């Protein structure tokens, strides 16, 4: 094998400019990194610059270098949707025709009607809201009526909140499983159903750790499945295990923040493994992209960049570092949804003694999966073209 360990980092939502098919999505003009760089009066990302980020595209404060540390290009998404699951499933070798839906105006009446019909309970709320906002507003009504608070976020989720002393936990879980079945329907395909039990009294409600998620498995066996089946390590960091519903995962490391994510990445560099360490840095998307906060996004990008030299120092000759994203989420764009953008690709190993070069544009995110598969000698995915030989 060319590399003993591959470290794959998804900077969630860190797009590098509108894709050729952005118009279809109402995403003309989108540019996640570029608009952030303009907001910041120049982004300070010297380490990503050293890798070749500016060689992909020059942006304010992000210039090309003559000798990038590794190879660089961008990737184009082939799957229909621009959600996190689609992006990640494509990265790991799939093609996803059916997009996961978001619900800025709540769920269709047809779906909620069937959920009421199957559960024998009324549904209230039906809007995007934070857990805290929706409980403050509707918690008391929920307690008094035995209704279900159904809500969403800016992502593809359906959340059901019920008080633990009013709706027994096992009943809430049964209801969520019903909702999970009803939402395997392309009219209202949600990525994730989430049980949101809460306790307390009016003016003092708190969600409990009895939260449970109901995810969909990837629509196909992924490169991760193939690595696991061939007795390789597949270490998932952060949201990765959840995104793939555990498929192909041999170890999962929970993270609480981007900095904690980098700490866990460092933890994996310190581990003797053979296979894949796969990190998702979610703060970019969750805290900054969706909240349309270019300042916070810029600061987070600078915080992430400052962590990289330690990663560079720990990489061995037979390690490969891959840095990419799963879509865009331009924090100066209308609405609250993701944006259809190219994503950067940087590929670096210390064994690249004369630095890197430009790779041909990756025509599907599955080029990553194909590269990982070829490296480890496992079954090649149906989609994707490996760039292993180019490195």
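Residue numbers count along the first chain shown, from 1.
As listed in the deposited structure, the average C-alpha B-factor of 87-95 and of 177-185 is greater for 177-185.
Relative to its counterpart among 166-174 and 296-304, 166-174 has the higher mean temperature factor, C-alpha atoms as listed in the PDB entry. Taking only the listed residues 122, 196, 82, 74, the entry reports the highest CA temperature factor at 122.
Listed residues 156, 268, 126, 257 were ranked by CA B-factor as deposited; 126 comes out on top.
The deposited CA B-factor of residue 145 belongs to the highest third of values across its chain.
The entry lists a Cα temperature factor for residue 251 that places it in the middle third of the chain's modelled residues. Per-chain ranking of the deposited C-alpha B factor places residue 18 in the middle third. Per the PDB record, residue ranking by Cα B-factor puts residue 205 in the highest third of the chain.
Per the deposited record, the Cα B-factor of residue 340 falls in the lowest third when ranked against the other modelled residues of its chain.
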